[PDB]
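Following: one structure in structure tokens, then a few remarks.
Here is how names work: the chains are called A, B, and so on, in the same order as the sequence lines, proteins then strands, and each is numbered from 1.
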Amino acid sequence: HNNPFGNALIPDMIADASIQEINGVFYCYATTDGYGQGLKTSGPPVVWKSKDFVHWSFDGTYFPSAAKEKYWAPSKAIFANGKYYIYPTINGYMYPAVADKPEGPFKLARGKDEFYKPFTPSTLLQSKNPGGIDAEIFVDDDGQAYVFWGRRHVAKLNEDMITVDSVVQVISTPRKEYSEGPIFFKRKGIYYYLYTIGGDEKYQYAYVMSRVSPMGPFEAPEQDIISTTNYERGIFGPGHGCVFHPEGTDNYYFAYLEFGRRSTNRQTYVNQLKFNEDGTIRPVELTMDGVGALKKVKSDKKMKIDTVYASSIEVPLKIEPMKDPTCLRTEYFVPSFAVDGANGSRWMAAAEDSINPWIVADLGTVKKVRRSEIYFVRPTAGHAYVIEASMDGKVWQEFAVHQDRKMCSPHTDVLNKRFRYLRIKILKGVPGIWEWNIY
Amino acid sequence: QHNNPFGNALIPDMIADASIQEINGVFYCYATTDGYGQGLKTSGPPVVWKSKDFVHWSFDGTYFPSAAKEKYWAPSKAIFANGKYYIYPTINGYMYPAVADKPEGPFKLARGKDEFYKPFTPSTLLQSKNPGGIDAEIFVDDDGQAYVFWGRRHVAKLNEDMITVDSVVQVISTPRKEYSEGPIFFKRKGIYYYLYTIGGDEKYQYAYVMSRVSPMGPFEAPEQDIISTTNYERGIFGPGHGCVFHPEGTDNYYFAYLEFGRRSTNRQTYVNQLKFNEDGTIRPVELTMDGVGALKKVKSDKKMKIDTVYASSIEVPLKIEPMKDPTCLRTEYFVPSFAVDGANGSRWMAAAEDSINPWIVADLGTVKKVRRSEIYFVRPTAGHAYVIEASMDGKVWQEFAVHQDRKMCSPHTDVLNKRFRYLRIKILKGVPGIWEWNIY
Amino acid sequence: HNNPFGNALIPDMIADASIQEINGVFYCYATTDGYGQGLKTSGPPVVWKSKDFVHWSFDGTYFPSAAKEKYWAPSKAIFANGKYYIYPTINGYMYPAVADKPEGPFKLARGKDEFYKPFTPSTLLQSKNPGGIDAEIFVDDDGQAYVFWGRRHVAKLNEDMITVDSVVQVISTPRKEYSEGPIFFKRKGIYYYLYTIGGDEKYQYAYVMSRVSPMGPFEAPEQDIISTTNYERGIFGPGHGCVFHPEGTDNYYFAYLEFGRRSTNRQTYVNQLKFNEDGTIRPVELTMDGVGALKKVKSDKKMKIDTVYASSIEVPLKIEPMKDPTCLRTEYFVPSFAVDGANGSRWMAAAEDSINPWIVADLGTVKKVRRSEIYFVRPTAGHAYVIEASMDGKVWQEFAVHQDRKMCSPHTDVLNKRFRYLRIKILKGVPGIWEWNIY
Ligand SMILES: [Ca+2]
Ligand SMILES: [Ca+2]
Ligand SMILES: [Ca+2]
Ligand SMILES: [Ca+2]
Ligand SMILES: [Ca+2]
Ligand SMILES: [Ca+2]
């Protein structure tokens with residue numbers, strides 16, 4: 001029954017999210033988590049898209065040359081010079097990348113389109129020491145671009161979108177710890193600089209404000225902490241994310257990663273960000289409920305599932321804390337979590353059930369089904385599966401067999417037939433499902 | 001005291017057909033501007049009044065440059081879609097779609113060249129051979145489907161571009177059959193509400209029907225279907241074309257309506273609460289001219305107590321002629337104390353013969369520190385030129401400010417920050433009268 | 001399921017289309033292709049009509065004097081002096097023609113209504129050398145008419161709609177090579193001049209804009225190419241066509257020919273044309289799907305056809321490229337292409353089967369069919385056929401005989417008889433069918 005991870009924005013483990021609206025579609029560029037080796041690897045660069053902010057999907061990678069590298073904290077995609085630029089941190093270093101559209105294909109914008117370790121001459125910074133992470137771009141009303149990065153750095157960025165200015169400043173803040181994940185935006189003539197403090201469960205965002213310029217001078221309000229652990233709601237370490245508003249509106253949203261399952265097993269959540277009359281930010285009221293649909297659109301209504309059952313259920317995961325001894329959560333893996341409408345809950349088969357684990361949705365009666373959409377666990381590594389239908393629960397007809405490990409989510413099967421039961425057998429990939437919708 | 005039969009109107013001007021809404025934490029009022037003296041042959045220009053608290057309102061200029069000297073009626077609410085704001089006013093008798101980046105404009109025609117000529121431009125909202133119709137009202141349903149409602153019970157879907165009306169036009173069925181205009185449409189707790197006017201002048205009423213199916217029906221009429229009507233006892237005549245709104249994030253609904261006023265196009269707009277019974281039926285509105293006070297807590301300055309006022313002249317009382325109700329028999333007075341009473345329904349007016357530096361003087365009890373003055377003139381959209389002066393004794397006048405050019409705004413604000421006992425305004429151009437004069 | 005020519009607008013090979021709405025009915029005036037001798041001949045002058053933009057028809061010719069001439073690239077029909085004027089290129093030269101209605105009959109608007117080679121004194125241009133092709137007419141808000149033609153030429157046109165101004169200008173564009181197929185329109189005070197460059201698969205439309213007058217001065221934006229080959233979608237050489245918008249709407253559409261089966265074997269397609277806030281045109285997103293119905297009209301539902309078969313099937317056509325070696329397609333001619341709802345696909349009988357070629361529709365069982373509408377291949381050359389009906393497909397009964405060619409499309413036969421099998425035997429005309437609908 002109990003789900004401590006609520007309704008995450010995306011049915012995957014993602015962190016460091018950059019969310020924006022481009023041509024009336026929402027885009028979410030993020031670090032893909034869940035790859036099982038802490039900070040030593042990541043998932044590949046993928047972009048999730050949504051017309052409504054509720055139904056999200058991705059197909060393949062947007063950055064072919066970077067597809068096998070460790071990939072962190074992409075910026076927003078920035079439209080300039082007829083192109084889109086993005087600034088991820090690849091094998092620990094920042095690079096400029098460019099494409100004709102936000103879906104890619106992106107290529108390195110400086111030097112050759114290849115990677116080797118520790119870094120190449122293609123790095124964003126061209127100083128002798130080119131270190132730094134977590135680029136954030138701002139283009140001001142006068143057309144001047146700026147790049148912000150980790151440890152409170154900022155510099156002007158040239159109109160070519162790849163040459164950082166030689167004058168680098170460090171922004172003064174009243175909170176002093178190691179900082180990463182800068183967020184910057186301008187609203188009604190006030191510039192806002194948001195910066196992380198702490199890590200793991202102690203992750204917080206604080207901010208400062210300027211009416212002068214994106215490089216300061218800045219001022220700190222009394223109430224300078226925007227996100228922090230909320231014990232009563234069970235929301236821990238609300239860190240590296242972004243601020244966005246849909247195009248043309250004054251409706252601001254704060255997206256944040258959460259501690260999750262520890263280490264790189266984070267999910268991302270969104271809440272409203274509100275301002276006082278004096279222009280100060282109201283500390284965010286954090287929840288795991290999301291903000292619902294941000295555009296009114298038509299969608300097919302999903303079928304009620306009467307019951308679900310599975311070949312096996314993984315044993316509950318008791319998540320060990322890192323820095324907060326009171327952060328004590330347990331994740332269950334029951335079949336009903338595949339169909340509960342919450343992106344923070346998942347069914348997982350038992351690790352020993354490694355030969356065609358399966359799950360059945362019973363619709364209760366025979367019904368006309370249009371299609372199935374399956375959001376598998378670790379979707380960026382791909383899944384091969386079989387989908388079968390039955391009239392009685394015993395006799396099964398194969399509707400479709402997918403032997404390839406297609407890197408996408410959701411996996412959609414068009415059915416248009418009457419049946420009562422639907423079964424998924426997983427052939428390859430991680431045997432779990434975040435969400436399974438039948439229409 | 002002298003009697004003020006027009007109480008406390010929402011706005012310090014003559015406005016009708018109001019569309020009031022909260023957008024990004026601020027209230028906006030788009031309306032027909034009345035008080036131009038030629039009945040329905042002309043109107044004032046397109047202006048939008050704004051307020052942070054629903055009590056203090058202001059405007060500056062027009063929001064629709066191309067239409068600023070056209071006859072401008074009955075704008076819709078400003079509708080957010082496709083990253084933009086759309087508005088659908090009735091310009092020289094005909095509906096047009098207009099678009100802007102913010103609710104302040106500048107708005108432009110959404111189709112065709114941004115310009116007007118009579119009787120209509122190819123830019124009209126309707127595109128049938130006869131594109132006649134007035135009083136547009138827009139609804140966007142939870143699924144994104146947009147609809148346009150207009151006079152005589154018309155409704156059609158609107159495309160995602162928000163400017164193309166669908167070829168399928170329906171006529172809403174209602175139990176009251178007479179000429180109707182000023183549609184209001186909204187959805188609350190799964191119920192669709194279609195409110196429509198009946199009558200005109202003092203006989204203006206709102207009636208309504210409801211649906212639980214769709215914005216195009218089918219509709220059901222309740223027994224108690226008249227929601228606004230003349231209240232003889234309170235002296236409130238012909239509560240017609242207005243709107244319904246609720247502040248964002250609340251279930252507090254309000255009904256705004258025009259009132260017969262001084263006859264013809266000399267109407268003002270009033271606001272009262274709108275309430276529902278548990279079954280979703282609308283409770284007939286309890287009309288007052290008292291208003292609903294502040295709908296948001298904002299910081300503002302307290303006003304100075306004025307001790308006496310007097311002027312160069314006072315216009316003779318107006319004995320208002322009824323139109324359709326021979327019992328609607330009112331008189332408006334024009335005394336100087338009406339400039340500072342805190343009611344938007346009352347005004348000082350100089351006599352017709354006093355057209356050369358008419359003036360009014362406020363007398364604070366003693367010498368005090370005076371931060372600023374805010375003047376709401378009569379017919380504010382035609383612009384005013386004035387001189388403000390201050391004095392210690394009522395005899396010798398230091399000039400604080402001089403505005404030889406008409407500025408089309410309201411209020412006119414002048415920072416002094418001096419000590420003074422008396423203030424005086426001399427009016428150089430514009431209608432020589434004042435709804436409200438606030439001194440802080 | 002393999003039709004590389006998609007859903008063409010018209011069930012015929014047409015190019016250089018001029019499309020418009022007059023009094024609530026859509027008109028398509030075009031070059032008729034598919035006559036088998038390259039640019040040496042064309043089909044005759046025909047106007048296709050449609051009330052919904054989906055079901056199209058013509059009957060005979062609209063321009064009797066020109067009916068046997070080489071006929072290219074008619075302009076739109078322009079309403080002026082209480083009449084309709086059109087400006088086609090006939091045996092290689094432009095001529096003004098005039099009619100009382102858009103259906104014709106049209107006749108030459110100057111001099112004698114007759115033709116001889118190389119040109120007559122009735123030509124649009126009245127200089128000693130009246131050469132020039134591809135007329136496009138614009139009438140501005142002030143009532144001034146202009147004629148645009150090939151190689152970037154433009155002049156004022158007098159209110160008589162036949163006398164071209166002596167002052168002829170050549171429009172300055174950044175791309176300098178051979179151009180034809182001009183398209184001109186005004187939208188919100190901005191003038192748009194679109195012109196072709198290249199040819200065959202290398203056909204592209206480029207453009208310039210003016211805020212001053214139909215004759216300039218003109219400015220080119222950076223993104224000045226608005227149609228070009230889309231290899232991934234298989235759309236090659238999107239050239240000579242038109243822009244139109246239905247009466248009273250801000251919905252602009254771009255119609256274009258494409259390379260098709262090489263040489264004069266082209267079809268026409270339509271997509272939405274969209275604009276940016278700054279007035280620039282967004283490069284057209286080319287597809288072969290069409291834009292569906294642009295008007296609501298009542299029409300009868302087509303009956304499902306259970307199976308189709310024929311006397312023969314032409315061997316697949318392996319289309320050789322012209323200028324682009326990557327343009328590599330194959331056309332099939334299977335019987336199901338006759339009934340698939342796609343104007344880009346057709347059944348064709350084998351060449352050898354020239355005596356009694358036939359095609360059967362098998363409706364699943366016996367049913368009362370109201371009527372048959374047949375869109376033959378090369379309809380402008382005319383068809384003669386018989387239509388039979390059967391219960392079992394062994395013994396047949398004739399339900400209509402048409403011994404004479406008629407030059408129209410579709411060929412309708414009203415039937416109202418119950419049967420399972422409908423058979424068409426083609427007596428004269430090209431033995432092939434783009435579409436065959438039963439109601
Ligand atoms: Ca970031
Ligand atoms: Ca779930
Ligand atoms: Ca209205
Ligand atoms: Ca007053
Ligand atoms: Ca042409
Ligand atoms: Ca076909």
Side-chain angles (χ1 to χ4, degrees), chain A residues 3-19 27-50 56-58 61-62 67 69-74 88-89 134 181 199-201 203 234-242 255-270 288 290 314 316-322 327 329-333 337-338 340-349 351 374-383 405 407-411 426 429-436:
Chain A
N3 166 32
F5 309 104
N7 199 16
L9 186 64
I10 297 300
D12 197 356
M13 284 169 181
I14 59 146
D16 317 325
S18 291
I19 294 163
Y27 289 75
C28 175
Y29 297 94
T31 301
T32 297
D33 260 17
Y35 268 65
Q37 301 192 245
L39 289 178
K40 288 173 210 121
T41 60
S42 65
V46 306
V47 63
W48 298 78
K49 292 174 69 175
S50 179
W56 292 89
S57 67
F58 82 92
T61 173
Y62 63 88
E69 310 308 318
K70 189 170 72 185
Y71 195 88
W72 292 343
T89 298
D134 298 1
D200 308 305
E201 305 101 308
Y203 238 155
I235 298 170
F236 296 87
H240 191 164
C242 65
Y256 57 96
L257 72 78
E258 204 262 349
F259 185 66
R261 281 126 285 206
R262 104 198 298 277
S263 169
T264 55
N265 299 300
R266 301 162 292 172
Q267 292 190 288
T268 288
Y269 302 80
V270 184
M288 288 187 168
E314 192 47 277
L317 176 67
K318 322 293 153 50
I319 301 134
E320 198 180 326
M322 292 265 266
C327 178
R329 300 190 288 190
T330 294
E331 177 172 20
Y332 298 84
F333 295 113
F337 288 170
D340 61 354
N343 293 329
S345 65
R346 41 167 179 176
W347 167 71
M348 295 280 283
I374 306 162
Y375 292 88
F376 293 104
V377 174
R378 196 183 293 170
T380 62
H383 294 74
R405 286 185 72 161
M407 174 185 172
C408 69
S409 204
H411 280 82
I426 299 173
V430 172
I433 300 180
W434 294 105
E435 275 308 307
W436 185 15

Quick one, A:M407 with A:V46, criterion side chain to side chain contact (heavy atoms under 4.5 Å, CB included). Give me CA distance, side-chain angles, the key distance, then yes/no. CA-CA 10 Å; A:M407 174 185 172; A:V46 306; 3.2 Å; yes
What verdict does the side chain to side chain contact (heavy atoms under 4.5 Å, CB included) test give for A:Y62 and A:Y29, after you've listed the backbone C-alpha separation in whole Å, the side-chain angles of each residue and the deciding distance to 0.1 Å? CA-CA 10 Å; A:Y62 63 88; A:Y29 297 94; 3.7 Å; yes
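A:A17 and A:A30 make their closest contact through CA-CB, 4.0 Å (heavy atoms, listed as atom of the first residue, atom of the second, distance). In this structure, A:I426 and A:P431 approach most closely via the heavy-atom pair CD1-CA, 3.6 Å. Of all non-hydrogen atoms in A:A255 and A:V270, the two that sit nearest each other are CB-CG2, 4.0 Å. Taking each heavy atom of A:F333 and A:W347 in turn, the nearest pair found is O-CD1, 3.2 Å. Between A:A73 and A:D134, the shortest heavy-atom contact is CB-OD1, 3.4 Å. Between A:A67 and A:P45 the shortest heavy-atom distance is CA-CD, 3.9 Å.
Counting heavy atoms from C-beta outward, A:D340 and A:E435 have side chains that approach closer than 4.5 Å. By the 4.5 Å heavy-atom criterion applied to side chains, A:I433 and A:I374 are counted as neighbours. Looking only at side-chain heavy atoms (C-beta outward), A:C408 and A:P379 stay at 4.5 Å or farther from each other. The shortest distance between side-chain heavy atoms of A:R378 and A:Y35 falls below 4.5 Å. Put simply, the side chain of A:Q267 reaches to within 4.5 Å of the side chain of A:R261, judged on heavy atoms. Counting only heavy atoms from C-beta outward, the side chains of A:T32 and A:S42 never approach each other to under 4.5 Å. Put simply, the side chain of A:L9 reaches to within 4.5 Å of the side chain of A:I19, judged on heavy atoms.
Taking A:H383 as the reference, A:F376 meet the ring pair (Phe, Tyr, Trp, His ring centres under 6.0 Å) condition, with sequence neighbours excluded. For A:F58, the ring pair (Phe, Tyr, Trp, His ring centres under 6.0 Å) criterion is met by A:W48, not counting sequence neighbours. Every residue meeting the ring pair (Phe, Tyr, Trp, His ring centres under 6.0 Å) condition with A:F236, not counting sequence neighbours, appears here in chain and number order: A:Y231.
Distance CD1/A:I10 to OG/A:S57: 9.0 Å, rounded to 0.5 Å. Distance check: A:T264 OG1 to A:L257 CG gives 11.5 Å after rounding to the nearest 0.5 Å. For the atom pair CG (A:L317) and CE (A:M348), the distance works out to 9.5 Å, reported to the nearest 0.5 Å. In this structure, OH on A:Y27 lies 11.0 Å from OG on A:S50, to the nearest 0.5 angstrom. Once rounded to the nearest 0.5 Å, the distance linking CG of A:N3 with OG1 of A:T330 reads 12.0 Å.
A:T268 places a side-chain N or O within donor-acceptor distance of the main-chain N or O of A:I14, the cut-off being under 3.5 Å. With hydrogens and angles ignored, the 3.5 Å screen pairs no side-chain donor or acceptor of A:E258 with any backbone N or O of A:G237. Between the side chain of A:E201 and the backbone N or O of A:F259, no donor-acceptor pair lies under 3.5 Å. Panel note: side chain A:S18, backbone A:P74; a donor-acceptor pair is recorded below 3.5 Å. The backbone N or O of A:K70 sits nowhere less than 3.5 Å from a side-chain atom of A:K40 that would complete a donor-acceptor pair. Without hydrogens or angle criteria, A:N265 side chain to A:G260 main chain gives no donor-acceptor distance under 3.5 Å. Between the side chain of A:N7 and the backbone N or O of A:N343 there is at least one donor-acceptor pair closer than 3.5 Å.
A cation-pi arrangement is absent between A:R329 and A:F5 under the rule of less than 6.0 angstrom and at most 45 degrees off the ring axis.
In this structure, the ring of A:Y256 has its center no less than 6.0 angstrom from the ring center of A:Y203.
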